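Novice: Below you will find the structure I want to go over with you.
2 protein chains.
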Amino acid sequence: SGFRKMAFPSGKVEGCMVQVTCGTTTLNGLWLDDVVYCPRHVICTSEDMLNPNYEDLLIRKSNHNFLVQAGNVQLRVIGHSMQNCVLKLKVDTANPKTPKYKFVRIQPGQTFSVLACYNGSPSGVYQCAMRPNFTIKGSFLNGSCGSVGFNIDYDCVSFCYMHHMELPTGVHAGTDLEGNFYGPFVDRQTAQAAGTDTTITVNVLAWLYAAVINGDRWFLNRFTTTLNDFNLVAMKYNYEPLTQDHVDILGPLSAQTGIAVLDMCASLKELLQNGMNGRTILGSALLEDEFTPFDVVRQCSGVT
Amino acid sequence: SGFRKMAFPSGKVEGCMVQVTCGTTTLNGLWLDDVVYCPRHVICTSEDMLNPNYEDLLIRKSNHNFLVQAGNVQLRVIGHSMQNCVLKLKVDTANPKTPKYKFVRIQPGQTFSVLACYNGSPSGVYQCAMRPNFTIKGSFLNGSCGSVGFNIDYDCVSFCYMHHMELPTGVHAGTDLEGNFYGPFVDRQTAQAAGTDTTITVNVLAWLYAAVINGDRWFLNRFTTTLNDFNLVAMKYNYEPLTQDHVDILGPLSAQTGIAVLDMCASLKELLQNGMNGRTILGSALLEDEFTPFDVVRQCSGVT
Ligand SMILES: CNC(=O)Nc1ccc(N(Cc2ccsc2)C(=O)Cn2nnc3ccccc32)cc1
Ligand SMILES: CNC(=O)Nc1ccc(N(Cc2ccsc2)C(=O)Cn2nnc3ccccc32)cc1
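As given, the protein sequences belong to chains A and A', one line each in that order. A prime marks a further copy of an entry chain. For the first sequence, counting from 1, position 108 maps to 108 in the deposited numbering; every step adds exactly one. For the second sequence, counting from 1, position 35 maps to 35 in the deposited numbering; every step adds exactly one.
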């Protein structure tokens with residue numbers, strides 16, 4: 001028992017982290033096979049960041065200008081190309097520590113682990129969700145760019161995020177591993193609207209089921225609701241509308257606890273309308289939305 | 001910017017995890033050099049757990065009864081000994097992945113990362129604090145025993161905890177790597193009093209400084225207090241009394257923010273007396289005590 005904001009073991013990803021330097025800038029790269037992936041803004045200088053012409057900036061760079069170092073050994077760069085907002089640096093050596101991997105584009109509301117790195121060295125690992133508005137609320141300082149987000153299923157790492165930027169509002173933005181930003185963001189030092197965010201309803205319900213499994217049950221009530229009635233409350237509280245697809249994904253947790261999804265919705269409705277009254281659920285005084293139903297099942301079943 | 005409950009990268013510890021089987025029981029072991037460390041309760045059966053005579057149980061076991069497997073390779077056991085509540089299984093092969101390490105006994109209120117494992121395989125990593133009452137609020141299922149807690153400074157892993165047991169109250173208990181339990185716990189299936197816990201005052205103040213650094217400042221007020229006055233409030237709210245040693249450890253954060261420690265105490269006093277009024281601090285609606293002052297400095301400075 002017990003429920004924690006658990007990250008995946010980071011070892012397989014630590015083995016892929018390298019340092020990339022171009023001119024005056026140093027950031028992180030991801031070395032998989034004979035390719036190093038990193039944010040293209042590694043080629044920018046102070047005068048560039050406001051509106052960089054990346055094509056022009058990259059044309060002034062040659063293979064020998066990209067300094068890639070894996071621990072204490074220098075990697076030899078034999079090719080470079082820009083794909084969307086990432087640079088792919090071909091190197092002459094395949095990473096001997098390349099795990100089995102995939103590049104995936106995660107959906108908003110899904111979760112993943114971030115291995116925060118500085119100078120190609122890992123500093124820490126934490127779990128987070130991709131917000132409905134495609135930002136992440138991470139912990140990133142200057143130099144953390146190129147740190148990646150991922151999920152692990154068995155021996156396969158699915159890389160889903162590469163860190164690029166902190167918006168002036170303190171929230172974080174980045175790309176999939178093909179360099180496509182999540183959300184409307186551009187890699188420029190400009191004020192950028194993130195857009196209205198909402199709470200991930202299916203995840204709050206999943207975490208309510210985790211609470212019941214782990215013994216926190218005070219919020220369970222004698223009520224039920226419908227998807228329509230619950231969604232009118234979700235509208236009022238800036239929660240994502242719940243769909244039958246969400247109900248279906250909660251099926252395993254509803255079967256394990258014997259609590260129908262709509263009955264759990266009625267508990268969530270009462271908590272939204274009345275607050276926690278100074279009580280806590282799984283050590284939290286707010287409704288947690290960073291655990292997906294799959295995360296709850298995995299942590300409650302001990303998948304390795 | 002941003003502040004997260006960050007764990008250490010787990011790679012160095014993943015390389016040390018093995019599976020240990022004795023009779024009908026399977027749990028985790030820690031393979032460092034030519035020794036595998038694991039909870040001694042691996043030698044118990046159903047009839048034993050109520051009050052096991054570990055000396056007698058171990059006398060019935062021989063080296064060949066301890067099945068140790070590192071991934072798919074079997075390790076050969078050439079010695080066994082019990083030290084307090086841990087078994088040390090000498091094997092004929094030194095772990096090639098042994099990082100630089102130390103065994104340390106952490107103090108209550110200090111934090112560490114836990115690599116939850118099942119069948120010698122890592123499932124996840126999370127950060128937690130050793131409560132003032134020497135329990136931990138982790139996420140552990142049956143089979144997680146032998147999972148370890150640790151801190152990493154540069155290239156050295158300081159192992160501080162090995163998981164042994166879940167008390168009937170759902171909280172967790174374990175030992176240092178010499179097999180000495182933290183707290184008054186015994187490795188028996190019996191009801192055991194954990195004792196009054198308190199909130200780690202120095203950590204809440206550290207996290208309040210992290211909030212100010214990261215832009216959450218609404219709780220800062222025009223007041224100050226004294227150690228004496230603050231401790232009368234800490235007494236009322238089951239907080240650890242603050243000492244000058246705690247104030248000294250908060251020095252770096254007080255210098256960085258320009259907010260005197262006693263002024264931060266006055267903010268904490270008002271938050272204890274008035275609550276959060278429905279507001280949040282660093283995404284939390286309660287006063288967080290699982291970040292030490294060193295953790296705040298490290299995460300805010302990006303130490304790798
Ligand atoms: C000397 N050059 C230099 O320092 N180059 C630099 C400088 C800043 C950035 N930018 C803006 C930007 C410009 C163009 S694309 C993005 C970032 O957002 C980088 N970033 N990401 N997470 C961060 C957390 C804390 C502080 C900075 C952080 C990128 C590159
Ligand atoms: C067949 N034998 C078997 O299952 N042996 C066993 C069975 C239970 C335990 N005990 C009690 C105990 C007895 C003696 S010392 C401790 C644990 O507390 C083990 N534990 N630890 N974290 C857990 C989380 C969830 C459930 C169980 C968990 C130890 C060994």
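C-beta atoms are modelled at their ideal positions from N, C-alpha and C, and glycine is treated no differently.
Could you give the first and the last residue of the continuous beta strand (DSSP E) run that contains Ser254 (chain A)?
Specialist: Stepping through the first sequence from its first residue, residue 254 (chain A) is reached at position 254. Where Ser254 (chain A) is concerned, there is no enclosing beta strand (DSSP E), although the alpha helix (DSSP H) it sits in stretches over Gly251 to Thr257.
Novice: What residues match up with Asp153 (chain A) in a beta bridge as DSSP calls it?
Specialist: Here residue 153 (chain A) refers to the residue found at position 153 when the first sequence is read from its first residue. DSSP lists A:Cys156 as partners of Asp153 (chain A).
Novice: Mind pulling the alpha helix (DSSP H) runs of 4 or more residues that sit fully within the stretch 236-301 of chain A'?
Specialist: 244-249, 251-257, 261-274 and 293-301
Novice: Taking a cut of 9 Å between CB atoms, which residues from the stretch 106-122 of chain A' lie near chain A?
Specialist: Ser113, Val114, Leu115, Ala116, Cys117, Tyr118, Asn119, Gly120, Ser121 and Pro122
Novice: When we look at the beta-carbon of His164 (chain A) and count the other beta-carbons within 10 Å, is it buried (16 or more) or exposed?
Specialist: The residue you call residue 164 (chain A) lines up with position 164 of the first sequence. Per the 10 Å Cβ criterion, buried.
Novice: For ligand 2, is there a heavy atom less than 8 Å away from the beta-carbon of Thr169 (chain A)?
Specialist: Your numbering for residue 169 (chain A) matches position 169 in the first sequence. Not under cutoff, so the answer is no.
Novice: To test your reading of the DSSP string, which unbroken beta strand (DSSP E) runs of 3 or more residues are found completely within the stretch 101-127 of chain A?
Specialist: 111-118
Novice: Within a Cβ cutoff of 6 Å, which residues of the same chain sit near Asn151 (chain A'), ignoring the five residues on either side of it in sequence?
Specialist: Numbered from its first residue, the second sequence carries residue 151 (chain A') at position 151. For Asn151 (chain A'), where only same-chain residues beyond five positions count, the Cβ hits under 6 Å are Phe112 and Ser158.
Novice: If we count the other Cβ atoms within 10 Å of its Cβ and call it buried at 16 or more, is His64 (chain A) buried or exposed?
Specialist: In the first sequence, residue 64 (chain A) corresponds to position 64, counting from 1. Exposed.
Novice: If you draw a straight line from the alpha carbon of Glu288 (chain A) to that of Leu272 (chain A), how long is it in whole angstroms?
Specialist: As a first step, residue 288 (chain A) is located in the first sequence; it is residue number 288 there, counting from the start. As a first step, residue 272 (chain A) is located in the first sequence; it is residue number 272 there, counting from the start. Going by the C-alpha atoms only, they are around 12 Å apart.
Novice: May I ask which residues mark the beginning and end of the alpha helix (DSSP H) holding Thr201 (chain A')?
Specialist: Numbered from 1 along the second sequence, position 201 holds the residue referred to as residue 201 (chain A'). In the DSSP assignment, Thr201 (chain A') falls within the unbroken alpha helix (DSSP H) covering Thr201 to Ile213.
Novice: Cβ closer than 7 Å: which chain A' residues qualify as neighbours of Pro9 (chain A)?
Specialist: Working through the first sequence from its first residue, we reach residue 9 (chain A) at position 9. Neighbours of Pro9 (chain A) on chain A', chain order: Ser10, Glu14, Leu115, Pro122, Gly124 and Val125.
Novice: Would you say the beta carbon of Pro184 (chain A) comes nearer than 8 Å to a heavy atom of ligand 1?
Specialist: Counting from one through the first sequence, the residue named residue 184 (chain A) turns up at place 184. No, the Cβ of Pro184 (chain A) stays beyond 8 Å of every heavy atom of ligand 1.
Novice: With respect to 8 Å, is the separation between the Cβ of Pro39 (chain A') and the closest non-hydrogen atom of ligand 1 below this value?
Specialist: Numbered from its first residue, the second sequence carries residue 39 (chain A') at position 39. Incorrect: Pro39 (chain A') has no Cβ contact closer than 8 Å to ligand 1.
Novice: Could you work out which residues of chain A lie near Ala129 (chain A'), taking near to mean beta carbons separated by less than 7 Å?
Specialist: Taking the first residue of the second sequence as position 1, residue 129 (chain A') is located at position 129. The contacting residues do not exist; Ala129 (chain A') stays about 12 Å from chain A at best.
Novice: What three-state label does DSSP hand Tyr182 (chain A') in the structure shown?
Specialist: Locating residue 182 (chain A') in the second sequence gives position 182, where the first residue counts as 1. In the structure shown, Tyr182 (chain A') sits in coil (DSSP, three-state: anything other than H, G, I, E or B).
Novice: When you compare the CB of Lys100 (chain A) with every CB in chain A', is at least one pair closer than 9 Å?
Specialist: By one-based count along the first sequence, residue 100 (chain A) stands at place 100. Not an interface residue.
Novice: Do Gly143 (chain A') and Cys128 (chain A') come within 9 Å of each other at the CB atom, strictly closer than that value?
Specialist: Residue mapping note: residue 128 (chain A') aligns to position 128 of the second sequence, counting from 1. Residue mapping note: residue 143 (chain A') aligns to position 143 of the second sequence, counting from 1. No, Cβ-Cβ distance for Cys128 (chain A') and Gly143 (chain A') is not below 9 Å.
Novice: Near ligand 1, which residues have their beta-carbon less than 7 Å from any of its heavy atoms, given in chain order?
Specialist: A:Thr24, A:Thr25, A:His41, A:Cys44, A:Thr45, A:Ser46, A:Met49, A:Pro52, A:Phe140, A:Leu141, A:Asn142, A:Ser144, A:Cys145, A:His163, A:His164, A:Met165, A:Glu166, A:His172, A:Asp187, A:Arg188, A:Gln189 and A':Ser1
Novice: If contact is defined by three or more beta carbon pairs under 8 Å, each pair taking one atom from either stretch, is the stretch 84-92 of chain A in contact with the stretch 38-51 of chain A?
Specialist: yes
Novice: Helix, strand or coil: how does DSSP classify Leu57 (chain A) here?
Specialist: Residue 57 (chain A) sits at position 57 when you count from the first residue of the first sequence. Helix.
Novice: Hey, out of A':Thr304, A':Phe134 and A':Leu286, whose CA is closest to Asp155 (chain A')'s CA?
Specialist: If you number the second sequence from 1, residue 155 (chain A') lands on position 155. When only C-alpha atoms are compared, the closest one is A':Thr304.
Novice: For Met162 (chain A'), does the count of other Cβ atoms within 10 angstroms reach 16, so buried, or fall short, so exposed?
Specialist: If you number the second sequence from 1, residue 162 (chain A') lands on position 162. Classification for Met162 (chain A'): buried.
Novice: Can you pull the chain A' neighbours of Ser62 (chain A), defined as C-beta to C-beta under 8 Å?
Specialist: One-based indexing of the first sequence puts residue 62 (chain A) at position 62. Here the premise fails: no neighbours, minimum Cβ distance about 29 Å.
Novice: Between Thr304 (chain A) and chain A', is the shortest Cβ-Cβ distance under 9 Å, so that the two count as touching?
Specialist: Taking the first residue of the first sequence as position 1, residue 304 (chain A) is located at position 304. It does; some Cβ of chain A' falls within 9 Å.
Novice: Against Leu30 (chain A), what residues of chain A' qualify as contacts under a CB-to-CB distance less than 8 Å, listed in chain order?
Specialist: Numbered from 1 along the first sequence, position 30 holds the residue referred to as residue 30 (chain A). Correct list: empty, because the minimum Cβ distance to chain A' is about 15 Å.
Novice: Does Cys265 (chain A) get closer than 9 Å to chain A' when you measure Cβ to Cβ?
Specialist: Against the first sequence, residue 265 (chain A) aligns to sequence position 265. So no, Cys265 (chain A) is outside the interface.
Novice: Within a Cβ cutoff of 7 Å, which residues of the same chain sit near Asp197 (chain A), ignoring the five residues on either side of it in sequence?
Specialist: Sequence index remark: in the first sequence, residue 197 (chain A) carries index 197 (1-based). For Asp197 (chain A), where only same-chain residues beyond five positions count, the Cβ hits under 7 Å are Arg131, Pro132 and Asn133.
Novice: May I have the straight-line CA-CA distance separating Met49 (chain A) from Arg105 (chain A), to the nearest angstrom?
Specialist: Position 49 of the first sequence, counted from the first residue, corresponds to residue 49 (chain A). Position 105 of the first sequence, counted from the first residue, corresponds to residue 105 (chain A). Counting only the Cα atoms, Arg105 (chain A) lies some 26 Å from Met49 (chain A).
Novice: In chain A', which residues lie less than 9 Å from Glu166 (chain A) when you measure between Cβ atoms?
Specialist: Reading the first sequence from its first residue, position 166 is the one you call residue 166 (chain A). Ordered by position in chain A', the residues that pass the 9 Å Cβ test against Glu166 (chain A) are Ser1 and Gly2.
Novice: Can you tell me whether DSSP reads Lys90 (chain A) as helix, strand or coil?
Specialist: Here residue 90 (chain A) is taken as the residue at index 90 of the first sequence, counted from 1. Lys90 (chain A) falls in the strand class under three-state DSSP.
Novice: Using a threshold of 9 Å, state whether the C-beta atoms of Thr257 (chain A) and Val297 (chain A) are closer than that.
Specialist: Looking up residue 257 (chain A) in the first sequence gives position 257. Looking up residue 297 (chain A) in the first sequence gives position 297. Not closer than 9 Å, so no.
Novice: Hey, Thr26 (chain A') and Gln19 (chain A') are a contact pair by Cβ (cut 8 Å); roughly how many whole angstroms apart?
Specialist: In the second sequence, counting from the first residue as 1, residue 26 (chain A') sits at position 26. In the second sequence, counting from the first residue as 1, residue 19 (chain A') sits at position 19. Sure, about 6 Å apart at Cβ, within 8 Å.
Novice: Would you report the Cα separation of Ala206 (chain A') and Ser62 (chain A'), rounded to the nearest angstrom?
Specialist: Within the second sequence, numbered from 1, the residue matching residue 206 (chain A') stands at position 206. Within the second sequence, numbered from 1, the residue matching residue 62 (chain A') stands at position 62. Each residue's alpha carbon lies about 50 Å from the other.
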